[PDB]
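> This structure is in C-alpha cells; I'll ask about it shortly.
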Amino acid sequence: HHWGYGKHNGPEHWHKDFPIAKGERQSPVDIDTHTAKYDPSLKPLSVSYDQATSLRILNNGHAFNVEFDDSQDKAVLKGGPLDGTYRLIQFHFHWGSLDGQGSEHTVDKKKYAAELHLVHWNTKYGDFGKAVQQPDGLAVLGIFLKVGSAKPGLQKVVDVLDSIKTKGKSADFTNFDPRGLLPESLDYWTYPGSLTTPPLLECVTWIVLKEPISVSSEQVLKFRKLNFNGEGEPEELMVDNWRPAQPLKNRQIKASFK
Ligand SMILES: C[C@@H](CNC(=O)c1ccc(S(N)(=O)=O)cc1)Cn1ccc2ccccc21
Ligand SMILES: [Hg+2]
Ligand SMILES: [Zn+2]
C-alpha cells in the first residue's frame, strides 16, 4: 500500500509493484576498491553552482528535498564521464538510526552514517519528465557523511527541520549555496545504475566522491527527529531510509584516480 522502508513495504517488497527492481543496472552497489579500474581517459568533474537558486524544502514522507529553480542553466554539472550538460534539480539525504549505517553505496562493505544525493538531469531532453525515459537522462552526485566535526554549510538546513517535521509540510528556502556541502577533492568512481527508490528507473550515471564530508553527532541527530507520518497520524520516526546494496551483474566501476 504505497512503498516505504518498514517490515511490510520496505525494499524487499518493492519488486511486487516495480518489476525493474531485479534488473541489470540497479543501485546502490558496493564499491570494491581493488577491482575498480583506473581509467586515465576520464576527465575532471566540472561543478558550477555559482548561480544556484534554491526555492524550498519539503518532507515528502521518505526523506526531505531542497528544490532548485531549473528553468534555465543556473547550476550545472559537466565533465567527468558525462556527455552534455546536466541541470541540478534537487538534493536529499539517506540516513540511519545509528552512526554505523545510513549510506546506500558502501566502500569495501563499509557503511557511512549517511549519504547526500545531488540530482541532475540531461538538458538535451527538454524537461525532467523526458530525461527519466532515457539511458543517460540523469546524473546523481553522491557524497558520504561521516560523524566527526560540524559542517557549517549544513547548519542552515538543520535549523529549519522543525517546520517540516511531518509528511506534506514544506517551507520556503531561498538563497542556499550548495557549494558548502562539497569535500576538498573531486576524485570519484563512476558506473551506470538506477534511482535507489521507486520507480527504480535505470536512467542514471552514478558519480560517487572518494572523499567524505564531516558532520556532528548533533547535526545527524536532528535528521532522526523527522516523521514519516503526516500530521495527526501516529508517530513513526524517519530513520534508515536506505536501500541495501544490489549485485553488480555485468558492469565495471571506473575510478578517476590511481
Ligand atoms: C521519479 C519520481 C521522482 N523521484 C526522483 O526524482 C528521484 C531522484 C533521485 C533518487 S536517488 N535517491 O536515487 O538519488 C530517487 C528518486 C516521480 N515518479 C513517480 C512515478 C513515476 C513514473 C514516471 C516518471 C516519474 C515518476
Ligand atoms: Hg531510464
Ligand atoms: Zn537518494
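Ligands are numbered from 1 in the order shown, residues from 1 within each chain, and chains are lettered A, B, ... in the order they appear in the C-alpha cells.
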Near region 103-110 of chain A, within 10 Å and counting only C-alpha atoms, which residues show up once chain neighbours fewer than 4 positions away are dropped, as a count of residues only?
30
> May I have a table of the residues of chain A lying at most 9 Å from ligand 2, giving each one's closest pair of atoms and their distance in Å to one decimal, counting only C-alpha atoms and all ligand atoms, ordered by chain and ascending residue number, as JSON lines?

{"residue": "A:131", "atom": "CA", "partner": "ligand 2", "partner_atom_place_in_ligand_line": "1 (Hg)", "distance": 7.4}
{"residue": "A:132", "atom": "CA", "partner": "ligand 2", "partner_atom_place_in_ligand_line": "1 (Hg)", "distance": 4.9}
{"residue": "A:133", "atom": "CA", "partner": "ligand 2", "partner_atom_place_in_ligand_line": "1 (Hg)", "distance": 4.5}
{"residue": "A:134", "atom": "CA", "partner": "ligand 2", "partner_atom_place_in_ligand_line": "1 (Hg)", "distance": 4.4}
{"residue": "A:135", "atom": "CA", "partner": "ligand 2", "partner_atom_place_in_ligand_line": "1 (Hg)", "distance": 4.8}
{"residue": "A:136", "atom": "CA", "partner": "ligand 2", "partner_atom_place_in_ligand_line": "1 (Hg)", "distance": 7.2}
{"residue": "A:137", "atom": "CA", "partner": "ligand 2", "partner_atom_place_in_ligand_line": "1 (Hg)", "distance": 6.6}
{"residue": "A:138", "atom": "CA", "partner": "ligand 2", "partner_atom_place_in_ligand_line": "1 (Hg)", "distance": 8.2}
{"residue": "A:194", "atom": "CA", "partner": "ligand 2", "partner_atom_place_in_ligand_line": "1 (Hg)", "distance": 7.8}
{"residue": "A:200", "atom": "CA", "partner": "ligand 2", "partner_atom_place_in_ligand_line": "1 (Hg)", "distance": 8.9}
{"residue": "A:201", "atom": "CA", "partner": "ligand 2", "partner_atom_place_in_ligand_line": "1 (Hg)", "distance": 5.1}
{"residue": "A:202", "atom": "CA", "partner": "ligand 2", "partner_atom_place_in_ligand_line": "1 (Hg)", "distance": 4.4}
{"residue": "A:203", "atom": "CA", "partner": "ligand 2", "partner_atom_place_in_ligand_line": "1 (Hg)", "distance": 3.4}
{"residue": "A:204", "atom": "CA", "partner": "ligand 2", "partner_atom_place_in_ligand_line": "1 (Hg)", "distance": 7.2}
> Output N, CA, C and O atoms of each residue in that selection to a file, as a PDB file, in the first residue's frame.

ATOM      1  N   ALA A 131      13.745  13.202 -19.467  1.00  0.00           N
ATOM      2  CA  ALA A 131      15.035  12.649 -19.058  1.00  0.00           C
ATOM      3  C   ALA A 131      14.874  11.270 -18.411  1.00  0.00           C
ATOM      4  O   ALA A 131      15.658  10.346 -18.692  1.00  0.00           O
ATOM      5  N   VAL A 132      13.839  11.101 -17.591  1.00  0.00           N
ATOM      6  CA  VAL A 132      13.610   9.800 -16.965  1.00  0.00           C
ATOM      7  C   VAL A 132      13.169   8.703 -17.958  1.00  0.00           C
ATOM      8  O   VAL A 132      12.839   7.601 -17.558  1.00  0.00           O
ATOM      9  N   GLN A 133      13.200   8.980 -19.255  1.00  0.00           N
ATOM     10  CA  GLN A 133      12.822   7.974 -20.246  1.00  0.00           C
ATOM     11  C   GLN A 133      14.027   7.541 -21.091  1.00  0.00           C
ATOM     12  O   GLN A 133      13.896   6.732 -22.001  1.00  0.00           O
ATOM     13  N   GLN A 134      15.195   8.067 -20.741  1.00  0.00           N
ATOM     14  CA  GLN A 134      16.437   7.796 -21.461  1.00  0.00           C
ATOM     15  C   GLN A 134      17.521   7.137 -20.589  1.00  0.00           C
ATOM     16  O   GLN A 134      17.631   7.434 -19.387  1.00  0.00           O
ATOM     17  N   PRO A 135      18.415   6.339 -21.223  1.00  0.00           N
ATOM     18  CA  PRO A 135      19.523   5.611 -20.577  1.00  0.00           C
ATOM     19  C   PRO A 135      20.575   6.506 -19.882  1.00  0.00           C
ATOM     20  O   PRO A 135      21.185   6.107 -18.890  1.00  0.00           O
ATOM     21  N   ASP A 136      20.769   7.714 -20.411  1.00  0.00           N
ATOM     22  CA  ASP A 136      21.719   8.691 -19.863  1.00  0.00           C
ATOM     23  C   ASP A 136      21.002  10.012 -19.476  1.00  0.00           C
ATOM     24  O   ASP A 136      21.565  11.105 -19.643  1.00  0.00           O
ATOM     25  N   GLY A 137      19.768   9.893 -18.970  1.00  0.00           N
ATOM     26  CA  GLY A 137      18.991  11.061 -18.603  1.00  0.00           C
ATOM     27  C   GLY A 137      19.380  11.734 -17.300  1.00  0.00           C
ATOM     28  O   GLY A 137      19.212  12.952 -17.165  1.00  0.00           O
ATOM     29  N   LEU A 138      19.897  10.965 -16.343  1.00  0.00           N
ATOM     30  CA  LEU A 138      20.267  11.524 -15.051  1.00  0.00           C
ATOM     31  C   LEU A 138      21.721  11.384 -14.633  1.00  0.00           C
ATOM     32  O   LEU A 138      22.457  10.551 -15.141  1.00  0.00           O
ATOM     33  N   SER A 194      20.727   3.038 -11.384  1.00  0.00           N
ATOM     34  CA  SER A 194      19.329   3.452 -11.352  1.00  0.00           C
ATOM     35  C   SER A 194      19.020   4.334 -10.135  1.00  0.00           C
ATOM     36  O   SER A 194      19.899   4.614  -9.320  1.00  0.00           O
ATOM     37  N   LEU A 200      12.485   3.225  -9.476  1.00  0.00           N
ATOM     38  CA  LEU A 200      13.710   2.446  -9.700  1.00  0.00           C
ATOM     39  C   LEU A 200      14.148   2.395 -11.191  1.00  0.00           C
ATOM     40  O   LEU A 200      14.698   1.379 -11.660  1.00  0.00           O
ATOM     41  N   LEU A 201      13.888   3.486 -11.919  1.00  0.00           N
ATOM     42  CA  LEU A 201      14.238   3.609 -13.343  1.00  0.00           C
ATOM     43  C   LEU A 201      15.763   3.579 -13.630  1.00  0.00           C
ATOM     44  O   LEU A 201      16.559   4.208 -12.940  1.00  0.00           O
ATOM     45  N   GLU A 202      16.162   2.827 -14.645  1.00  0.00           N
ATOM     46  CA  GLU A 202      17.562   2.704 -14.972  1.00  0.00           C
ATOM     47  C   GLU A 202      18.028   3.788 -15.923  1.00  0.00           C
ATOM     48  O   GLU A 202      18.411   3.486 -17.063  1.00  0.00           O
ATOM     49  N   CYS A 203      18.068   5.028 -15.435  1.00  0.00           N
ATOM     50  CA  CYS A 203      18.470   6.172 -16.263  1.00  0.00           C
ATOM     51  C   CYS A 203      19.636   6.961 -15.670  1.00  0.00           C
ATOM     52  O   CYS A 203      19.912   8.068 -16.107  1.00  0.00           O
ATOM     53  N   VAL A 204      20.353   6.367 -14.727  1.00  0.00           N
ATOM     54  CA  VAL A 204      21.408   7.088 -14.030  1.00  0.00           C
ATOM     55  C   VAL A 204      22.906   6.751 -14.153  1.00  0.00           C
ATOM     56  O   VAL A 204      23.323   5.604 -14.052  1.00  0.00           O
TER      57      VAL A 204
END
> Within 7 Å of ligand 1, which residues show up when you count only C-alpha atoms and all ligand atoms? List them as a ChimeraX atom specification, please.
/A:117,119,129,132,140,194-199
> Mind checking which residues fall within 12 Å of region 216-218 of chain A, counting only C-alpha atoms, ignoring those fewer than 5 positions away in the same chain, and posting them as a ChimeraX atom specification?
/A:97-99,113-114,145-152,154-155,158-159,223-225
> Pull the strand (DSSP E or B) assignments for region 153-218 of chain A out of DSSP run on the backbone, and list those residues as a compact mmCIF listing (two decimals) with N, CA, C and O atoms, in the first residue's frame.

# COMPACT_ATOMS: atom_id res chain seq x y z
N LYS A 167 4.99 14.58 7.11
CA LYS A 167 4.68 14.40 5.70
C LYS A 167 3.78 15.47 5.09
O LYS A 167 2.70 15.76 5.59
N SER A 170 6.15 21.85 4.02
CA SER A 170 7.23 22.46 3.27
C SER A 170 7.46 23.84 3.86
O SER A 170 6.67 24.31 4.70
N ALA A 171 8.58 24.46 3.49
CA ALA A 171 8.95 25.80 3.95
C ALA A 171 9.77 26.43 2.85
O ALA A 171 10.50 25.71 2.14
N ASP A 172 9.64 27.74 2.69
CA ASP A 172 10.39 28.49 1.68
C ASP A 172 11.86 28.36 2.12
O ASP A 172 12.16 28.39 3.33
N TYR A 188 36.53 10.60 -7.99
CA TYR A 188 35.33 9.79 -7.96
C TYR A 188 35.42 8.43 -8.64
O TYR A 188 36.37 8.15 -9.36
N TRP A 189 34.42 7.60 -8.39
CA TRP A 189 34.26 6.31 -9.03
C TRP A 189 33.00 6.57 -9.84
O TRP A 189 32.23 7.48 -9.51
N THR A 190 32.78 5.83 -10.90
CA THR A 190 31.60 6.00 -11.73
C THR A 190 31.13 4.65 -12.34
O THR A 190 31.94 3.75 -12.63
N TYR A 191 29.81 4.51 -12.46
CA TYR A 191 29.20 3.31 -13.01
C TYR A 191 27.75 3.67 -13.41
O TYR A 191 27.22 4.69 -12.95
N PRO A 192 27.14 2.89 -14.33
CA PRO A 192 25.76 3.09 -14.80
C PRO A 192 24.78 2.36 -13.87
O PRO A 192 24.94 1.17 -13.62
N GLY A 193 23.79 3.08 -13.35
CA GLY A 193 22.84 2.47 -12.44
C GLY A 193 21.40 2.98 -12.53
O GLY A 193 20.93 3.35 -13.61
N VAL A 204 20.35 6.37 -14.73
CA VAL A 204 21.41 7.09 -14.03
C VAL A 204 22.91 6.75 -14.15
O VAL A 204 23.32 5.60 -14.05
N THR A 205 23.70 7.80 -14.30
CA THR A 205 25.15 7.68 -14.31
C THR A 205 25.53 8.12 -12.90
O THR A 205 25.25 9.25 -12.49
N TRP A 206 26.06 7.19 -12.13
CA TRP A 206 26.45 7.49 -10.77
C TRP A 206 27.90 7.97 -10.68
O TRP A 206 28.80 7.40 -11.31
N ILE A 207 28.09 9.05 -9.93
CA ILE A 207 29.39 9.66 -9.70
C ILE A 207 29.51 9.76 -8.17
O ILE A 207 28.90 10.63 -7.55
N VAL A 208 30.25 8.83 -7.57
CA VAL A 208 30.46 8.80 -6.13
C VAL A 208 31.81 9.38 -5.71
O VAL A 208 32.85 8.86 -6.09
N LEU A 209 31.78 10.44 -4.92
CA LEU A 209 33.01 11.08 -4.46
C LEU A 209 33.81 10.19 -3.48
O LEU A 209 33.25 9.58 -2.58
N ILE A 213 32.41 13.95 3.67
CA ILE A 213 32.36 15.19 4.46
C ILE A 213 32.04 14.87 5.93
O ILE A 213 31.44 13.82 6.24
N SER A 214 32.49 15.73 6.84
CA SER A 214 32.26 15.52 8.27
C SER A 214 31.08 16.32 8.79
O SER A 214 30.85 17.45 8.35
N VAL A 215 30.27 15.68 9.64
CA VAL A 215 29.13 16.34 10.28
C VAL A 215 29.11 15.88 11.74
O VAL A 215 29.66 14.80 12.08
> Could you list, as a PyMOL selection string, every residue within 10 Å of residue 256 (chain A), counting only C-alpha atoms and ignoring same-chain residues fewer than 2 positions away?
chain A and resi 36-45+80-81+186-190+210+254+258
> For residue 13 (chain A), please output as a PyMOL selection string all residues within 12 Å (counting only C-alpha atoms; exclusion window: fewer than 6 positions along the same chain).
chain A and resi 1-7+19+21-22+198+243
> Going by DSSP on the backbone, which residues of region 7-176 of chain A come out as helix (DSSP H, G or I)? List them as an MDAnalysis selection string.
chainID A and resid 11:16 19:22 123:125 128:131 152:164
> For residue 58 (chain A), work out the shell of residues within 10 Å, counting only C-alpha atoms and skipping chain neighbours fewer than 2 positions away, then give it as an MDAnalysis selection string.
chainID A and resid 56 60:61 63:67 161 163:173
> Selected residues, C-alpha atoms, written as an mmCIF file, in the first residue's frame, please.

data_model
loop_
_atom_site.group_PDB
_atom_site.id
_atom_site.type_symbol
_atom_site.label_atom_id
_atom_site.label_comp_id
_atom_site.auth_asym_id
_atom_site.auth_seq_id
_atom_site.Cartn_x
_atom_site.Cartn_y
_atom_site.Cartn_z
ATOM 1 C CA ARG A 56 12.063 25.401 -0.848
ATOM 2 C CA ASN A 60 7.680 14.003 1.213
ATOM 3 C CA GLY A 61 7.345 11.092 3.640
ATOM 4 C CA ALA A 63 13.141 11.989 3.113
ATOM 5 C CA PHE A 64 13.395 15.777 2.803
ATOM 6 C CA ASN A 65 14.261 17.521 -0.506
ATOM 7 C CA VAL A 66 15.596 21.034 -1.110
ATOM 8 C CA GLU A 67 14.406 22.047 -4.585
ATOM 9 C CA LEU A 161 13.742 20.891 10.087
ATOM 10 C CA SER A 163 8.944 23.403 10.431
ATOM 11 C CA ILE A 164 8.811 20.414 8.048
ATOM 12 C CA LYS A 165 8.520 17.708 10.713
ATOM 13 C CA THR A 166 5.744 15.667 9.121
ATOM 14 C CA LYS A 167 4.679 14.403 5.703
ATOM 15 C CA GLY A 168 3.460 17.069 3.315
ATOM 16 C CA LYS A 169 4.865 20.109 5.090
ATOM 17 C CA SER A 170 7.229 22.461 3.265
ATOM 18 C CA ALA A 171 8.953 25.804 3.953
ATOM 19 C CA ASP A 172 10.393 28.493 1.677
ATOM 20 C CA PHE A 173 14.182 28.000 1.464
#
